[PDB]
C-alpha cells in the first residue's frame, strides 16, 4: 500500500453513464475531468460531457447525473474549458468553450436541450465560473474575457482591463478567489490580479515575479554549490500553477540547469503574501521530492492542488502519481510521500477537493481520497 495514507473510494458508486465511459475508454482516449468545489464533477468524454453530483450519500432519490451534448470542434474538448455556476440540477448552470472560442451555455442543467451559443489566431486555455453567475474565458496568450449570460438569451462579453493578452505573456493558470472576489492569472513572467464585481473588474496589480523570486528559487536549489555564481545565470525557471492557502499565494515552479550532470528538474512551491498591490520581502521556497530527470521542456507537466487552506499541505500531481508536499514552514504539514497511480493502465485523470479532502480521479478506481492514517 501507501505508507502514511489511505487511498480509497470516495463517495458512492459512480453513475452508470460514468461507468460506461470509463469501462469503454481506451488508453488512446483522452479523458479529463473537472472536479468542482461545489460538489459536482464533469467528465469530458469524446463528444459529451457527463455531469454528476458527487454522491456523498448512496441514496437514489438524491442521485443526479446529466449528459450534455458538446458544441462541435476539431480539437478535443477539455474539462478545463467547462465551468459550473450555482444559484445560491435546477441550481446548476453550465458553460463550455472550445479551443477556438465557441461557447455553449445552459441556464439549467435540468434542461439539457436548452442552451444558448456565442463566439469570442486565438487558443483558449481555461473557462472559470466567477461571481454574478458569469465566467472568464482565458486564452493561451492571456487575453481574458468576461462572459455574462443575459436573461434575453444573449451572452455579453468584454475584455478585462489591461487584459488584451499579447515581454512574453503566455498563460500558465488562473485562480478565482470567491471570498475576496479576486481573479488571478499566472503567465510565464508575471502574476496579475483583478478585483471583480457582478459585471466588471478593476486591475489591481501585475507583479514581475521572475524578477522577484528568481534568486530565491536558484538560491534554494544551487545556492550552496561551490560554483553558484556561474550556475545561476544559466538557470531555466517555469511557473506552472497558482493556488492559495492561509499563508497566501502558492506558486508551483519548475527549475533546471542544462549543464548540470545529471540534469534534473526541481519542482518548488513558492509562498508569498498577497497584501495590497506589492510584494513582501518574505518569500519561502520549498523544494519538493519530485525531482525527475530533464527530458524535454514540453514534457514538464505537473499541477498543484491545495485542498485544506490551513494545514500547510499541497499535492503535486501528473498523470502517473501524486506527491504529498508541504509548503511554508512545514510546521503543520503532512508526511511527504509519493503515491503511485501508474500501475496496470491506471492513471490520474484529474484532481480536486471535496470538503477539504484531496480527491483524485483515477482511470482504474474512479474518485479516490487521500487521507492521512493519523
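Positions refer to the first chain, counted from 1.
Coordinates are lacking for 4 to 9 deposited residues between residue 88 and residue 89. Per the record, residue 166 and residue 167 are separated by 10 or more deposited residues that are missing from the model. When the mean C-alpha temperature factors of 361 to 369 and 16 to 24 are read from the deposited coordinates, 16 to 24 comes out higher.
Here the stretch with the larger average CA B-factor, out of 340 to 348 and 310 to 318, is 340 to 348. Between the residues 112, 80, 177, 260, it is 112 that shows the highest Cα B-factor in the PDB record. For the set 44, 334, 35, 55, the PDB entry puts the maximum C-alpha B factor at 334. Ranked by Cα temperature factor within the chain, residue 68 sits in the middle third according to the deposited record. Per the deposited record, the Cα B-factor of residue 101 falls in the middle third when ranked against the other modelled residues of its chain. Sorting the modelled residues of the chain by their CA temperature factor places residue 228 in the highest third. Among the modelled residues of the chain, residue 256 sits in the lowest third by CA temperature factor in this PDB entry.
In this PDB entry, residue 216 carries a Cα temperature factor that places it within the middle third of its chain's modelled residues.
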